[PDB]
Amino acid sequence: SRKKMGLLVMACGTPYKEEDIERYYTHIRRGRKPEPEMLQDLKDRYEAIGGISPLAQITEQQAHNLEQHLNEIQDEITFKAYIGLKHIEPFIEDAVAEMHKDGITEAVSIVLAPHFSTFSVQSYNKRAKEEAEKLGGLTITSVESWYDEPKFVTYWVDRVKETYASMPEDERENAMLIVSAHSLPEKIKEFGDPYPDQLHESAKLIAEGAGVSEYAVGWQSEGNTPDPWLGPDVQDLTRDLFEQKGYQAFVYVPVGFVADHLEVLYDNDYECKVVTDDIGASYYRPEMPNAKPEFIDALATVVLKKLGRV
């Protein structure tokens, strides 16, 4: 008989249909409903990148593929996946309550974002643990970061190598690699938040494995509050590096994101591409991990290492 464990997979969440945009963004904006022009802009952006519902399905597929792969590659534990989201149902607390109702007493959790921060990962883990404590009789051990898992580094190294090999000769000799994650308010530094250092380490490990000597670290998708957010933003960084040294190709690796999403398909493949098109450079942005088997195997290894079983 195998031990049963819950597998709590946590993520930001996505609207499921266009009519969910209002409530999703109201939640992100801490109760402030977007004005009508912004609502219309957001709908247009989702239409421009091919629609909402495919983006919403990816998290579901990642959690289910991870459950099935973990159950196939070892014989001691039977995992059952539960999805808990920050900004739309099923919420984190809903998922923990469901695990408790179903009779789970032991769970492991992972956030679908490879870098730890106080703003995101630590808050998701704290919310899950506090719900478990309120209900009693259920314990959660939480993955905090996994950007340094070799199988995850290798996913991106191989995609970068393929992109550079695909380039014409003069591009390959005059290209710049930009490695990025979602910006956060700068005030996280008051806590010693390692998020910026972990993004810089991801960039070092990917550029090193791919043999790319010219690379830079940037941030993207900052929200709107009066206090400053981490920078430079990818759009400004691209133009600055072009003005400095005249690169003919820019390769974007938004390593902080794990799936196709508005903040990649729009904030890179539209907003960064506007800049590259303006300066006359080529744009490349390799495939996101999504639910591909190589990435699922990386996540399964993260989980089993956290449990001491590999």
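Note that residue numbering begins at 1 and tracks the sequence as displayed.
Could you check the entry and say whether 140-148 or 96-104 has the higher mean CA B-factor? Taking the mean B-factor of the alpha carbons in each, 96-104 is higher.
On mean C-alpha B-factor from the PDB entry, just flag whether 238-246 or 57-65 is the higher one. Between 238-246 and 57-65, it is 238-246.
Tell me which of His115, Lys80, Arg172, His87 tops the list for C-alpha B factor in the record. Result of the comparison over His115, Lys80, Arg172, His87: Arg172.
In terms of the CA temperature factor given in the entry, to which third of its chain does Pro194 belong: lowest, middle or highest? Bottom third by C-alpha B-factor.
Among the modelled residues of its chain, does the C-alpha B-factor of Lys33 lie in the lowest, middle or highest third? Highest third, going by the recorded CA B-factors of the chain.
Can you work out whether the C-alpha temperature factor of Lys305 puts it in the lowest, middle or highest third of the chain? Ranked within chain, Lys305 CA B lands in the lowest tercile.
Based on the entry's values, in what third of the chain does the Cα temperature factor of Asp260 lie: lowest, middle or highest? Its C-alpha B-factor belongs to the highest third of this chain's values.
Ranked C-alpha temperature factor of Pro254 among modelled chain residues, by third: Its C-alpha B-factor belongs to the lowest third of this chain's values.
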